[PDB]
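Here's work22.cif, which has mmCIF, C-alpha atoms; chains and numbers go by the auth columns:
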data_input
#
loop_
_atom_site.group_PDB
_atom_site.id
_atom_site.type_symbol
_atom_site.label_atom_id
_atom_site.label_comp_id
_atom_site.label_asym_id
_atom_site.label_seq_id
_atom_site.Cartn_x
_atom_site.Cartn_y
_atom_site.Cartn_z
_atom_site.B_iso_or_equiv
_atom_site.auth_seq_id
_atom_site.auth_asym_id
ATOM 1 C CA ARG A 1 1.191 12.184 14.427 0.00 120 A
ATOM 2 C CA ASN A 2 3.361 13.013 11.375 0.00 121 A
ATOM 3 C CA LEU A 3 0.444 14.998 9.824 0.00 122 A
ATOM 4 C CA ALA A 4 -0.189 16.951 13.068 0.00 123 A
ATOM 5 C CA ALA A 5 3.548 17.818 13.298 0.00 124 A
ATOM 6 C CA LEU A 6 3.678 18.695 9.543 0.00 125 A
ATOM 7 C CA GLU A 7 0.689 21.098 9.832 0.00 126 A
ATOM 8 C CA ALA A 8 2.226 22.752 12.928 0.00 127 A
ATOM 9 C CA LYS A 9 5.614 23.203 11.124 0.00 128 A
ATOM 10 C CA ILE A 10 3.925 24.644 7.985 0.00 129 A
ATOM 11 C CA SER A 11 1.706 27.051 9.984 0.00 130 A
ATOM 12 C CA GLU A 12 4.543 28.381 12.177 0.00 131 A
ATOM 13 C CA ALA A 13 7.048 28.678 9.281 0.00 132 A
ATOM 14 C CA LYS A 14 4.524 30.513 7.028 0.00 133 A
ATOM 15 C CA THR A 15 3.412 33.008 9.713 0.00 134 A
ATOM 16 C CA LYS A 16 6.995 33.691 10.987 0.00 135 A
ATOM 17 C CA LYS A 17 8.252 34.370 7.416 0.00 136 A
ATOM 18 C CA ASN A 18 5.195 36.558 6.622 0.00 137 A
ATOM 19 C CA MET A 19 5.687 38.782 9.726 0.00 138 A
ATOM 20 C CA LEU A 20 9.494 38.900 9.114 0.00 139 A
ATOM 21 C CA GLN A 21 8.867 40.070 5.492 0.00 140 A
ATOM 22 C CA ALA A 22 6.348 42.695 6.729 0.00 141 A
ATOM 23 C CA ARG A 23 8.734 44.027 9.458 0.00 142 A
ATOM 24 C CA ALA A 24 11.719 44.035 7.029 0.00 143 A
ATOM 25 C CA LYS A 25 9.668 46.074 4.468 0.00 144 A
ATOM 26 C CA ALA A 26 8.570 48.532 7.205 0.00 145 A
ATOM 27 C CA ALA A 27 12.187 48.846 8.491 0.00 146 A
ATOM 28 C CA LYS A 28 13.654 49.612 5.004 0.00 147 A
ATOM 29 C CA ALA A 29 10.779 52.069 4.316 0.00 148 A
ATOM 30 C CA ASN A 30 11.646 53.994 7.540 0.00 149 A
ATOM 31 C CA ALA A 31 15.398 53.855 6.663 0.00 150 A
ATOM 32 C CA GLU A 32 14.669 55.344 3.172 0.00 151 A
ATOM 33 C CA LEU A 33 12.487 58.080 4.795 0.00 152 A
ATOM 34 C CA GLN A 34 15.349 59.037 7.195 0.00 153 A
ATOM 35 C CA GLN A 35 17.891 58.890 4.296 0.00 154 A
ATOM 36 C CA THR A 36 15.713 61.121 2.022 0.00 155 A
ATOM 37 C CA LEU A 37 15.090 63.576 4.941 0.00 156 A
ATOM 38 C CA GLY A 38 18.935 63.833 5.304 0.00 157 A
ATOM 39 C CA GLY A 39 19.709 63.922 1.517 0.00 158 A
ATOM 40 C CA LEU A 40 18.171 67.390 0.773 0.00 159 A
ATOM 41 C CA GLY A 41 19.113 69.554 -2.300 0.00 160 A
ATOM 42 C CA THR A 42 21.441 71.893 -0.265 0.00 161 A
ATOM 43 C CA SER A 43 24.179 71.921 -2.995 0.00 162 A
ATOM 44 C CA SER A 44 21.644 73.171 -5.630 0.00 163 A
ATOM 45 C CA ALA A 45 20.352 75.890 -3.242 0.00 164 A
ATOM 46 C CA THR A 46 24.000 76.872 -2.431 0.00 165 A
ATOM 47 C CA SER A 47 24.777 77.041 -6.206 0.00 166 A
ATOM 48 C CA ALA A 48 21.835 79.466 -6.728 0.00 167 A
ATOM 49 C CA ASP B 1 6.640 -9.530 -10.763 0.00 24 B
ATOM 50 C CA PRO B 2 6.119 -12.078 -7.907 0.00 25 B
ATOM 51 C CA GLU B 3 2.399 -11.145 -7.437 0.00 26 B
ATOM 52 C CA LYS B 4 1.704 -11.897 -11.153 0.00 27 B
ATOM 53 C CA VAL B 5 3.682 -15.193 -10.916 0.00 28 B
ATOM 54 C CA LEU B 6 1.746 -16.394 -7.814 0.00 29 B
ATOM 55 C CA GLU B 7 -1.601 -15.331 -9.397 0.00 30 B
ATOM 56 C CA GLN B 8 -0.658 -17.341 -12.545 0.00 31 B
ATOM 57 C CA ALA B 9 0.236 -20.329 -10.289 0.00 32 B
ATOM 58 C CA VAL B 10 -3.252 -20.044 -8.642 0.00 33 B
ATOM 59 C CA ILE B 11 -4.851 -19.888 -12.166 0.00 34 B
ATOM 60 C CA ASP B 12 -2.854 -23.014 -13.239 0.00 35 B
ATOM 61 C CA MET B 13 -4.102 -24.701 -10.009 0.00 36 B
ATOM 62 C CA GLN B 14 -7.725 -24.045 -11.194 0.00 37 B
ATOM 63 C CA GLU B 15 -6.929 -26.017 -14.383 0.00 38 B
ATOM 64 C CA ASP B 16 -5.250 -28.821 -12.340 0.00 39 B
ATOM 65 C CA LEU B 17 -8.210 -29.200 -9.909 0.00 40 B
ATOM 66 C CA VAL B 18 -10.552 -29.485 -12.962 0.00 41 B
ATOM 67 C CA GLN B 19 -8.267 -32.220 -14.442 0.00 42 B
ATOM 68 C CA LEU B 20 -8.262 -34.110 -11.102 0.00 43 B
ATOM 69 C CA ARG B 21 -12.112 -33.760 -10.883 0.00 44 B
ATOM 70 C CA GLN B 22 -12.290 -35.361 -14.369 0.00 45 B
ATOM 71 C CA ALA B 23 -9.913 -38.186 -13.264 0.00 46 B
ATOM 72 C CA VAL B 24 -12.073 -38.845 -10.133 0.00 47 B
ATOM 73 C CA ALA B 25 -15.309 -38.800 -12.210 0.00 48 B
ATOM 74 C CA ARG B 26 -13.772 -41.243 -14.759 0.00 49 B
ATOM 75 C CA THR B 27 -12.564 -43.568 -11.950 0.00 50 B
ATOM 76 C CA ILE B 28 -16.051 -43.419 -10.302 0.00 51 B
ATOM 77 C CA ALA B 29 -17.603 -44.487 -13.640 0.00 52 B
ATOM 78 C CA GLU B 30 -15.075 -47.378 -14.029 0.00 53 B
ATOM 79 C CA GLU B 31 -15.840 -48.766 -10.520 0.00 54 B
ATOM 80 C CA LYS B 32 -19.634 -48.444 -11.146 0.00 55 B
ATOM 81 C CA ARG B 33 -19.314 -50.178 -14.582 0.00 56 B
ATOM 82 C CA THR B 34 -17.217 -53.099 -13.231 0.00 57 B
ATOM 83 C CA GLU B 35 -19.743 -53.485 -10.344 0.00 58 B
ATOM 84 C CA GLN B 36 -22.536 -53.546 -12.982 0.00 59 B
ATOM 85 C CA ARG B 37 -20.622 -56.259 -14.946 0.00 60 B
ATOM 86 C CA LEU B 38 -20.044 -58.548 -11.921 0.00 61 B
ATOM 87 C CA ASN B 39 -23.639 -58.007 -10.727 0.00 62 B
ATOM 88 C CA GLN B 40 -25.097 -59.129 -14.102 0.00 63 B
ATOM 89 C CA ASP B 41 -22.560 -62.041 -14.386 0.00 64 B
ATOM 90 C CA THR B 42 -23.693 -63.344 -10.952 0.00 65 B
ATOM 91 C CA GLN B 43 -27.375 -63.006 -12.034 0.00 66 B
ATOM 92 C CA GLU B 44 -26.541 -65.078 -15.176 0.00 67 B
ATOM 93 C CA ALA B 45 -24.769 -67.575 -12.839 0.00 68 B
ATOM 94 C CA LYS B 46 -28.143 -67.966 -10.986 0.00 69 B
ATOM 95 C CA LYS B 47 -29.913 -68.526 -14.379 0.00 70 B
ATOM 96 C CA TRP B 48 -27.405 -71.280 -15.289 0.00 71 B
ATOM 97 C CA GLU B 49 -27.810 -72.860 -11.816 0.00 72 B
ATOM 98 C CA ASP B 50 -31.619 -72.927 -12.339 0.00 73 B
ATOM 99 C CA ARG B 51 -30.992 -74.444 -15.839 0.00 74 B
ATOM 100 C CA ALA B 52 -28.955 -77.153 -14.033 0.00 75 B
ATOM 101 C CA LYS B 53 -31.875 -77.712 -11.527 0.00 76 B
ATOM 102 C CA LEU B 54 -34.249 -78.183 -14.513 0.00 77 B
ATOM 103 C CA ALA B 55 -31.752 -80.618 -16.130 0.00 78 B
ATOM 104 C CA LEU B 56 -31.481 -82.614 -12.820 0.00 79 B
ATOM 105 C CA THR B 57 -35.336 -82.629 -12.563 0.00 80 B
ATOM 106 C CA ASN B 58 -35.373 -84.211 -16.082 0.00 81 B
ATOM 107 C CA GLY B 59 -32.485 -86.604 -15.039 0.00 82 B
ATOM 108 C CA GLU B 60 -30.023 -85.077 -17.616 0.00 83 B
ATOM 109 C CA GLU B 61 -26.846 -84.959 -15.449 0.00 84 B
ATOM 110 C CA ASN B 62 -24.810 -84.287 -18.657 0.00 85 B
ATOM 111 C CA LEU B 63 -26.731 -81.000 -19.271 0.00 86 B
ATOM 112 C CA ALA B 64 -26.620 -80.212 -15.512 0.00 87 B
ATOM 113 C CA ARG B 65 -22.760 -80.454 -15.443 0.00 88 B
ATOM 114 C CA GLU B 66 -22.575 -78.380 -18.683 0.00 89 B
ATOM 115 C CA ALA B 67 -24.843 -75.674 -17.140 0.00 90 B
ATOM 116 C CA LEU B 68 -22.730 -75.718 -13.920 0.00 91 B
ATOM 117 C CA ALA B 69 -19.623 -75.174 -16.138 0.00 92 B
ATOM 118 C CA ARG B 70 -21.313 -71.919 -17.369 0.00 93 B
ATOM 119 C CA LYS B 71 -21.972 -71.053 -13.660 0.00 94 B
ATOM 120 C CA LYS B 72 -18.239 -71.625 -12.838 0.00 95 B
ATOM 121 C CA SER B 73 -17.117 -69.439 -15.786 0.00 96 B
ATOM 122 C CA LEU B 74 -19.486 -66.593 -14.779 0.00 97 B
ATOM 123 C CA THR B 75 -18.620 -66.643 -11.024 0.00 98 B
ATOM 124 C CA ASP B 76 -14.862 -66.774 -11.849 0.00 99 B
ATOM 125 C CA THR B 77 -15.382 -63.801 -14.250 0.00 100 B
ATOM 126 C CA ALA B 78 -17.265 -61.933 -11.469 0.00 101 B
ATOM 127 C CA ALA B 79 -14.319 -62.655 -9.073 0.00 102 B
ATOM 128 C CA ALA B 80 -11.913 -61.232 -11.721 0.00 103 B
ATOM 129 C CA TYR B 81 -14.125 -58.082 -11.975 0.00 104 B
ATOM 130 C CA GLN B 82 -14.208 -57.885 -8.098 0.00 105 B
ATOM 131 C CA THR B 83 -10.355 -58.000 -8.129 0.00 106 B
ATOM 132 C CA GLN B 84 -10.281 -55.269 -10.844 0.00 107 B
ATOM 133 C CA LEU B 85 -12.883 -53.292 -8.801 0.00 108 B
ATOM 134 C CA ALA B 86 -10.643 -53.463 -5.693 0.00 109 B
ATOM 135 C CA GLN B 87 -7.935 -51.617 -7.721 0.00 110 B
ATOM 136 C CA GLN B 88 -10.566 -49.052 -8.867 0.00 111 B
ATOM 137 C CA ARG B 89 -11.785 -48.495 -5.233 0.00 112 B
ATOM 138 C CA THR B 90 -8.240 -47.861 -3.929 0.00 113 B
ATOM 139 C CA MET B 91 -7.393 -45.579 -6.909 0.00 114 B
ATOM 140 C CA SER B 92 -10.739 -43.715 -6.460 0.00 115 B
ATOM 141 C CA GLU B 93 -9.910 -43.080 -2.765 0.00 116 B
ATOM 142 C CA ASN B 94 -6.289 -42.092 -3.657 0.00 117 B
ATOM 143 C CA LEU B 95 -7.538 -39.471 -6.173 0.00 118 B
ATOM 144 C CA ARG B 96 -10.263 -38.301 -3.676 0.00 119 B
ATOM 145 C CA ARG B 97 -7.656 -37.777 -0.889 0.00 120 B
ATOM 146 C CA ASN B 98 -5.218 -36.102 -3.331 0.00 121 B
ATOM 147 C CA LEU B 99 -7.995 -33.682 -4.465 0.00 122 B
ATOM 148 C CA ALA B 100 -8.947 -32.796 -0.852 0.00 123 B
ATOM 149 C CA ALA B 101 -5.256 -32.115 -0.026 0.00 124 B
ATOM 150 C CA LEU B 102 -4.784 -30.139 -3.307 0.00 125 B
ATOM 151 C CA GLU B 103 -7.809 -27.880 -2.575 0.00 126 B
ATOM 152 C CA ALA B 104 -6.583 -27.277 1.006 0.00 127 B
ATOM 153 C CA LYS B 105 -3.046 -26.365 -0.255 0.00 128 B
ATOM 154 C CA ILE B 106 -4.447 -24.005 -2.947 0.00 129 B
ATOM 155 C CA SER B 107 -6.866 -22.277 -0.523 0.00 130 B
ATOM 156 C CA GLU B 108 -4.259 -21.733 2.222 0.00 131 B
ATOM 157 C CA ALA B 109 -1.497 -20.618 -0.202 0.00 132 B
ATOM 158 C CA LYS B 110 -3.816 -18.136 -2.011 0.00 133 B
ATOM 159 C CA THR B 111 -5.197 -16.555 1.192 0.00 134 B
ATOM 160 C CA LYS B 112 -1.756 -16.363 2.937 0.00 135 B
ATOM 161 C CA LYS B 113 -0.177 -14.655 -0.125 0.00 136 B
ATOM 162 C CA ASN B 114 -3.167 -12.268 -0.492 0.00 137 B
ATOM 163 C CA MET B 115 -2.988 -11.104 3.173 0.00 138 B
ATOM 164 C CA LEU B 116 0.859 -10.881 2.980 0.00 139 B
ATOM 165 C CA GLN B 117 0.563 -8.653 -0.155 0.00 140 B
ATOM 166 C CA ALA B 118 -2.085 -6.480 1.586 0.00 141 B
ATOM 167 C CA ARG B 119 0.022 -6.088 4.798 0.00 142 B
ATOM 168 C CA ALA B 120 3.222 -5.401 2.773 0.00 143 B
ATOM 169 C CA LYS B 121 1.400 -2.639 0.777 0.00 144 B
ATOM 170 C CA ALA B 122 0.027 -1.109 4.020 0.00 145 B
ATOM 171 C CA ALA B 123 3.506 -1.273 5.667 0.00 146 B
ATOM 172 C CA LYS B 124 5.285 0.488 2.731 0.00 147 B
ATOM 173 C CA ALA B 125 2.464 3.095 2.563 0.00 148 B
ATOM 174 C CA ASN B 126 3.008 3.930 6.285 0.00 149 B
ATOM 175 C CA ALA B 127 6.826 3.991 5.757 0.00 150 B
ATOM 176 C CA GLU B 128 6.413 6.485 2.834 0.00 151 B
ATOM 177 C CA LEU B 129 4.064 8.639 5.006 0.00 152 B
ATOM 178 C CA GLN B 130 6.680 8.765 7.836 0.00 153 B
ATOM 179 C CA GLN B 131 9.484 9.457 5.276 0.00 154 B
ATOM 180 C CA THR B 132 7.507 12.316 3.601 0.00 155 B
ATOM 181 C CA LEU B 133 6.591 13.778 7.058 0.00 156 B
ATOM 182 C CA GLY B 134 10.383 13.836 7.835 0.00 157 B
ATOM 183 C CA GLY B 135 11.507 15.059 4.343 0.00 158 B
ATOM 184 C CA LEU B 136 10.013 18.618 4.554 0.00 159 B
ATOM 185 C CA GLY B 137 11.218 21.595 2.386 0.00 160 B
ATOM 186 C CA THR B 138 13.323 23.158 5.243 0.00 161 B
ATOM 187 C CA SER B 139 16.305 23.961 2.915 0.00 162 B
ATOM 188 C CA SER B 140 14.015 26.003 0.564 0.00 163 B
ATOM 189 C CA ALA B 141 12.480 27.891 3.539 0.00 164 B
ATOM 190 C CA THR B 142 16.027 28.508 4.942 0.00 165 B
ATOM 191 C CA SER B 143 17.153 29.802 1.487 0.00 166 B
ATOM 192 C CA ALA B 144 14.250 32.328 1.460 0.00 167 B
ATOM 193 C CA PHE B 145 15.121 33.423 5.054 0.00 168 B
ATOM 194 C CA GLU B 146 18.815 33.752 3.966 0.00 169 B
ATOM 195 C CA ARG B 147 17.788 36.143 1.104 0.00 170 B
ATOM 196 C CA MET B 148 15.789 38.267 3.608 0.00 171 B
ATOM 197 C CA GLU B 149 18.771 38.136 6.063 0.00 172 B
ATOM 198 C CA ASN B 150 21.111 39.384 3.266 0.00 173 B
ATOM 199 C CA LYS B 151 18.686 42.357 2.744 0.00 174 B
ATOM 200 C CA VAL B 152 18.702 42.996 6.555 0.00 175 B
ATOM 201 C CA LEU B 153 22.554 42.972 6.459 0.00 176 B
ATOM 202 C CA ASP B 154 22.390 45.478 3.519 0.00 177 B
ATOM 203 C CA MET B 155 20.238 47.791 5.742 0.00 178 B
ATOM 204 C CA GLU B 156 22.778 47.323 8.607 0.00 179 B
ATOM 205 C CA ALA B 157 25.669 48.169 6.196 0.00 180 B
ATOM 206 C CA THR B 158 23.645 51.208 4.939 0.00 181 B
ATOM 207 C CA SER B 159 23.086 52.283 8.597 0.00 182 B
ATOM 208 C CA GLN B 160 26.853 51.898 9.338 0.00 183 B
ATOM 209 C CA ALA B 161 27.710 53.983 6.209 0.00 184 B
ATOM 210 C CA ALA B 162 25.234 56.709 7.306 0.00 185 B
ATOM 211 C CA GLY B 163 26.572 56.568 10.925 0.00 186 B
ATOM 212 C CA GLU B 164 30.218 57.207 9.862 0.00 187 B
ATOM 213 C CA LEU B 165 29.161 59.967 7.363 0.00 188 B
ATOM 214 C CA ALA B 166 26.541 61.926 9.412 0.00 189 B
ATOM 215 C CA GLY B 167 28.878 64.006 11.689 0.00 190 B
ATOM 216 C CA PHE B 168 27.185 67.453 11.404 0.00 191 B
ATOM 217 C CA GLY B 169 26.596 70.966 12.888 0.00 192 B
ATOM 218 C CA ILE B 170 22.933 70.002 13.609 0.00 193 B
ATOM 219 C CA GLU B 171 23.865 68.671 17.127 0.00 194 B
ATOM 220 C CA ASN B 172 24.851 72.270 18.114 0.00 195 B
ATOM 221 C CA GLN B 173 21.584 73.462 16.449 0.00 196 B
ATOM 222 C CA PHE B 174 19.660 71.000 18.727 0.00 197 B
ATOM 223 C CA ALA B 175 21.440 72.584 21.752 0.00 198 B
ATOM 224 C CA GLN B 176 20.138 76.002 20.487 0.00 199 B
ATOM 225 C CA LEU B 177 16.623 74.450 20.050 0.00 200 B
ATOM 226 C CA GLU B 178 16.734 73.223 23.701 0.00 201 B
ATOM 227 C CA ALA B 179 17.863 76.747 24.780 0.00 202 B
ATOM 228 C CA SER B 180 14.871 78.241 22.831 0.00 203 B
ATOM 229 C CA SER B 181 12.561 75.675 24.558 0.00 204 B
ATOM 230 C CA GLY B 182 14.028 76.889 27.907 0.00 205 B
ATOM 231 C CA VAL B 183 13.083 80.496 26.905 0.00 206 B
ATOM 232 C CA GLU B 184 9.461 79.345 26.246 0.00 207 B
ATOM 233 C CA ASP B 185 9.443 77.665 29.731 0.00 208 B
ATOM 234 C CA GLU B 186 10.745 80.965 31.266 0.00 209 B
ATOM 235 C CA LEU B 187 7.937 82.858 29.425 0.00 210 B
ATOM 236 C CA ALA B 188 5.435 80.257 30.787 0.00 211 B
ATOM 237 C CA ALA B 189 6.818 80.841 34.342 0.00 212 B
ATOM 238 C CA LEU B 190 6.488 84.647 33.759 0.00 213 B
ATOM 239 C CA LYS B 191 2.831 84.124 32.587 0.00 214 B
ATOM 240 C CA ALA B 192 2.301 82.003 35.749 0.00 215 B
#

Written as structure tokens, how would this file's structure read?
Amino acid sequence: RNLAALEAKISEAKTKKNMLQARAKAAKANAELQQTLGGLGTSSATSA
Amino acid sequence: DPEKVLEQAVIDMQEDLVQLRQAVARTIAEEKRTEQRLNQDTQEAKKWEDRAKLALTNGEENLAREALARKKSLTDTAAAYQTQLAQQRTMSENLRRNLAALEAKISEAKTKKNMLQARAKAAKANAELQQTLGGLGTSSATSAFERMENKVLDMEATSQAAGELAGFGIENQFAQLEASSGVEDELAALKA
């Protein structure tokens, strides 16, 4: 019974962390795309 | 270690049961030898009685009484060896009963300790399995999740910093884009 509970805890913890890491990486990638789409070189164009 | 001490006690008991086997075997030989002595003394007592019968047949009562005095000495010596033998018989049975009790005590003590050691080892093995099934790495997993949560809070703080900064003209440009989309819908209605 301890082994069955241990395997369940390991499996759930591993898969939950893996999908959380994947979604966190996707979320920060989208945030950097929106930030870089905002942060255009408008001051350099204005200086020209 | 108590397991090494009780194993040494069982080894010492193997030496003791060999010493008691020797003491029994010696006592068995002493009873058999004193039986042999009294048996041959009583056969010599018969020879001296027959020597007396020969003397009486010849009329020599002097030699007959002398031969009967050898008979008396031999039968009294055989009675002394029977008395000595009675002490050997009781000692032989005492050592026999002590050996039977000793072997029973050794056998029971050895097997009871062996099964107690086996059950104690199985019990502590199960206790360590239940302890290790409880004692999982949950603090290390939580520390990894806390590092990811700190990076999520950095993205929330970055989103708050962008949200306070990003007040721009572009919202009025989106109202002009929606007006231009309305002109394309009016051109579509004209085409229809």

Test item: chain A residues at most 10 Å from chain B, counting all atoms listed in the file, as a PDB file with C-alpha atoms, in the coordinates of the input:
ATOM      1  CA  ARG A 120       1.191  12.184  14.427  1.00  0.00           C
ATOM      2  CA  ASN A 121       3.361  13.013  11.375  1.00  0.00           C
ATOM      3  CA  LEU A 122       0.444  14.998   9.824  1.00  0.00           C
ATOM      4  CA  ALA A 123      -0.189  16.951  13.068  1.00  0.00           C
ATOM      5  CA  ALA A 124       3.548  17.818  13.298  1.00  0.00           C
ATOM      6  CA  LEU A 125       3.678  18.695   9.543  1.00  0.00           C
ATOM      7  CA  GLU A 126       0.689  21.098   9.832  1.00  0.00           C
ATOM      8  CA  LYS A 128       5.614  23.203  11.124  1.00  0.00           C
ATOM      9  CA  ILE A 129       3.925  24.644   7.985  1.00  0.00           C
ATOM     10  CA  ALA A 132       7.048  28.678   9.281  1.00  0.00           C
ATOM     11  CA  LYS A 133       4.524  30.513   7.028  1.00  0.00           C
ATOM     12  CA  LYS A 136       8.252  34.370   7.416  1.00  0.00           C
ATOM     13  CA  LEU A 139       9.494  38.900   9.114  1.00  0.00           C
ATOM     14  CA  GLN A 140       8.867  40.070   5.492  1.00  0.00           C
ATOM     15  CA  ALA A 143      11.719  44.035   7.029  1.00  0.00           C
ATOM     16  CA  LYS A 144       9.668  46.074   4.468  1.00  0.00           C
ATOM     17  CA  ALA A 146      12.187  48.846   8.491  1.00  0.00           C
ATOM     18  CA  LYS A 147      13.654  49.612   5.004  1.00  0.00           C
ATOM     19  CA  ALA A 150      15.398  53.855   6.663  1.00  0.00           C
ATOM     20  CA  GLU A 151      14.669  55.344   3.172  1.00  0.00           C
ATOM     21  CA  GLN A 154      17.891  58.890   4.296  1.00  0.00           C
ATOM     22  CA  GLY A 157      18.935  63.833   5.304  1.00  0.00           C
TER      23      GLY A 157
END

Legend entry - atom CA of residue 117 of chain B to atom CA of residue 54 of chain B, distance in Å rounded to a single decimal: 13.5 Å

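Taking all atoms listed in the file into account, residue 25 of chain B lies nearest to B:140 out of the set B:186, B:135, B:140, B:199.
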
Residue rebuild result segment 176-194 of chain B, N, CA, C and O atoms as a compact mmCIF listing (two decimals), in the coordinates of the input:
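The file below, result.txt, is the result:
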# COMPACT_ATOMS: atom_id res chain seq x y z
N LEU B 176 21.13 42.62 6.40
CA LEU B 176 22.55 42.97 6.46
C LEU B 176 22.92 44.14 5.52
O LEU B 176 23.78 44.95 5.86
N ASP B 177 22.25 44.29 4.38
CA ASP B 177 22.39 45.48 3.52
C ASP B 177 21.85 46.75 4.20
O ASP B 177 22.47 47.82 4.12
N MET B 178 20.74 46.67 4.94
CA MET B 178 20.24 47.79 5.74
C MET B 178 21.16 48.11 6.93
O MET B 178 21.37 49.29 7.23
N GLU B 179 21.76 47.11 7.57
CA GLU B 179 22.78 47.32 8.61
C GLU B 179 24.03 48.00 8.03
O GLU B 179 24.50 48.99 8.58
N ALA B 180 24.54 47.54 6.88
CA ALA B 180 25.67 48.17 6.20
C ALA B 180 25.35 49.61 5.76
O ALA B 180 26.18 50.51 5.92
N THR B 181 24.14 49.86 5.28
CA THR B 181 23.64 51.21 4.94
C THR B 181 23.57 52.11 6.18
O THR B 181 23.95 53.28 6.12
N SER B 182 23.15 51.56 7.32
CA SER B 182 23.09 52.28 8.60
C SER B 182 24.48 52.59 9.16
O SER B 182 24.70 53.67 9.69
N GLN B 183 25.44 51.68 8.99
CA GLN B 183 26.85 51.90 9.34
C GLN B 183 27.48 53.00 8.47
O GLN B 183 28.13 53.90 8.99
N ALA B 184 27.24 52.97 7.15
CA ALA B 184 27.71 53.98 6.21
C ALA B 184 27.13 55.38 6.50
O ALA B 184 27.85 56.37 6.47
N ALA B 185 25.84 55.46 6.84
CA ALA B 185 25.23 56.71 7.31
C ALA B 185 25.82 57.18 8.65
O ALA B 185 26.13 58.36 8.81
N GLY B 186 26.03 56.26 9.60
CA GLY B 186 26.57 56.57 10.92
C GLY B 186 27.99 57.15 10.90
O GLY B 186 28.28 58.09 11.63
N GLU B 187 28.87 56.63 10.04
CA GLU B 187 30.22 57.21 9.86
C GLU B 187 30.21 58.54 9.09
O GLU B 187 31.06 59.40 9.35
N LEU B 188 29.27 58.74 8.16
CA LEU B 188 29.16 59.97 7.36
C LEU B 188 28.51 61.15 8.12
O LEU B 188 28.95 62.29 7.96
N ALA B 189 27.47 60.90 8.91
CA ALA B 189 26.54 61.93 9.41
C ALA B 189 27.03 62.80 10.60
O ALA B 189 26.23 63.26 11.41
N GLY B 190 28.34 63.04 10.73
CA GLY B 190 28.88 64.01 11.69
C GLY B 190 28.63 65.45 11.22
O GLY B 190 29.26 65.90 10.27
N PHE B 191 27.72 66.17 11.88
CA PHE B 191 27.18 67.45 11.40
C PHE B 191 27.01 68.51 12.51
O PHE B 191 26.84 68.20 13.69
N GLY B 192 26.93 69.78 12.09
CA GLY B 192 26.60 70.97 12.89
C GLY B 192 25.26 70.88 13.64
O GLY B 192 25.08 71.54 14.67
N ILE B 193 24.31 70.10 13.12
CA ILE B 193 22.93 70.00 13.61
C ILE B 193 22.86 69.66 15.11
O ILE B 193 21.95 70.13 15.78
N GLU B 194 23.81 68.92 15.68
CA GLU B 194 23.86 68.67 17.13
C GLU B 194 23.99 69.96 17.96
O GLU B 194 23.32 70.12 18.99
